[PDB]
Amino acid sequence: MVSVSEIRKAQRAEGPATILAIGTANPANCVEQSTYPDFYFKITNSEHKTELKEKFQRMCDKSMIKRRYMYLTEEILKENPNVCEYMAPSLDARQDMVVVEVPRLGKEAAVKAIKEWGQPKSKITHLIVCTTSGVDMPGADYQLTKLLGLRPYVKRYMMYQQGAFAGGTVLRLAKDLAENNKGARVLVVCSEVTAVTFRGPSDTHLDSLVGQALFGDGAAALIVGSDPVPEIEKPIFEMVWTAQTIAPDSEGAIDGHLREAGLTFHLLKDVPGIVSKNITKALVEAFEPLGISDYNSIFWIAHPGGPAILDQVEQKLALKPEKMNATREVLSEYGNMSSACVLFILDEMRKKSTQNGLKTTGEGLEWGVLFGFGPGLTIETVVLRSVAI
């Protein structure tokens, strides 16, 4: 009797998944980078490690980060000496921080996105939450449903322990949820808190130390939907095509293990080298089908894992220095916020484009690319189209 073909035709959306609102938030504690080496070596009781402190000073001076926002404060760190050690049992304390802070910070960003969107939160049909900081059951998706008062029947996607490429992963996921479901409006929240990875310095673990110069906190929220209601909703960017891949010869480039001493990273190859070496193949896969091969002709969003990734990509491709302006401005004012970074960069780009009277939200250009980089080594690619004005 019942036709599945008819149900399927009626159930799906028609146009491209579109970003309709972006909102961000960060912990209130602003930590200057200029003074961080002194602060970090003093709070971890490592002032005697003179040569290591000099190496960390050089890491901070080359970071290209001016400041970062951290949930962790001097007072919290003084109450948690095992978090200040390089390797001490401390997961319970870290989890107690981040199981609450991830959804709290995500809530602030989401409220800002929902206000911009301007439509009832009862129209949110799907919720994607993403974090690399802590895990719990029910997860941060259930907590944000409760905190925001979303409908209990919101369809949830809890992306845990994902890593820094997952701002691209949540976009890749939201595209399919919005496009295959008529009326669907997806709230996307990436919320990342360094309390799980902060730890003291050790001279035989310099890969862990460079994370202490770069990682910062923040959350970003999006509303994503297909078939925007003209003039009620306001498109910012459209998603057109996505990919994910594992770079060859990158085994163990970025490992991260969640243990009794928290989350510890381990770096085993040359991340800037691997990303630079494999970015062109990612661009030809995305843009050869669209007939574009001039990579200065598109707008750019790249996860700023560190400044060397950006510099080597710019050099490899001969990007004009300005292509990475929005990326570098986020790195400078917030540091590497893992999965959220790329979403802050989208917000900076559209805000500066609009503020400065450019013709599109993608710096006056039509087509754009967003890249996430992280453990695997994984590269996430999202092809975007800007919107006029």
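Counting begins at 1, following the sequence as shown.
- The question of which stretch, 173-181 or 145-153, has the higher mean Cα B factor is settled in favour of 145-153.
- Per-stretch averaging of Cα B factors for 65-73 and 348-356 places 348-356 on top.
- Across the residues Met137, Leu91, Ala195, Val229, the deposited record lists the maximum Cα B factor for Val229.
- Across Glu108, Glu314, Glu238, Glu101, the greatest Cα temperature factor reported in the deposited entry is at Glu314.
- Ranked against the other modelled residues of its chain, the C-alpha B-factor of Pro321 as given in the entry falls in the highest third.
- In the deposited entry, the Cα temperature factor of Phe165 sits in the bottom third of values across the chain's modelled residues.
- In the PDB entry, a CA B factor belonging to the middle third of its chain's modelled residues is recorded for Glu366.
- For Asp96, the recorded CA temperature factor ranks within the middle third of the chain's modelled residues.
- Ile223 sits in the lowest third of its chain by CA B factor, as recorded in the PDB entry.
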